[PDB]
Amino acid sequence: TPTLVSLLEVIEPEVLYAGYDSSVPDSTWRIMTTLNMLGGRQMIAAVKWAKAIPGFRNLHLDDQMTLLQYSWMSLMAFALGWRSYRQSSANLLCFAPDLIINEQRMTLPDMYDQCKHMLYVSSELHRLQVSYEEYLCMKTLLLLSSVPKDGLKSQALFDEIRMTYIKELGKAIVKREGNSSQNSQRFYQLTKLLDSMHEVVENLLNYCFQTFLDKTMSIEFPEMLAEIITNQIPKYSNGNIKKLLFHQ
């Protein structure tokens, strides 16, 4: 019987390439377009990933759709932060091996306003020295971080699944053997970072929603992202979101 965290580890998505032509000069519009197209492919891989998370496919099909639609940006910002934290201790965003947002790219007009929210995530993972096992538990928890204000169809089963992954995070913390009081502080710190992802995501979504709606910017979004954004905009307008928190 393999451990739950080992089942989350084996389903880690493959690293995707942007297909970014480095011989042509850079621009924020060019990079933003390429990253949106790459983002759609990341989200298609995220559906495959979520379907293999133990318990996820036992939820009502509508709840599966709901959870991926609320959490999409949280998953993407967190997975990006981890990849950026692993490649370097520098201020780099590793979106793809062929498309890294370096210091030169960060100075491109308007590049930083969106990239800073992503930089915060990698900065925090580096500051807290988050482990691979802690990260895997945390990323599954982000998929389960928001629900509709009237709840899910399989709400009882969801609460059971969420509790199981909270317990898995606790087990990952204990493995990094420190005194009982230090493990209490670590759980507090990592769950505080999880809570702060709602604000990181709110900032990313504010800019993302505006960019998608303003057709005069000519910023293309692939079908996968356009569909998620089209679904999510009216949900935020009608207050149809309950952001789950560990602290208050």
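Residue positions are given as counts along the sequence shown, with the first one as 1.
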| property | result |
| --- | --- |
| Residue range whose averaged C-alpha B-factor is higher in the record, 86-94 or 174-182 | 174-182 |
| Between the two ranges 35-43 and 51-59, the one averaging a larger CA B factor in the entry | 51-59 |
| Among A156, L144, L80, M138 - the residue whose C-alpha B-factor is largest in the record | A156 |
| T107, C-alpha B-factor rank within chain (lowest, middle or highest third) | highest |
| CA B-factor placement of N203, once the chain's modelled residues are sorted into thirds | middle |
| Entry-reported Cα temperature factor of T230, expressed as the chain third it lands in | lowest |
| Third of the chain's Cα B-factor distribution that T66 belongs to, per the entry | lowest |
| Chain thirds of CA B-factor: placement of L4 | highest |
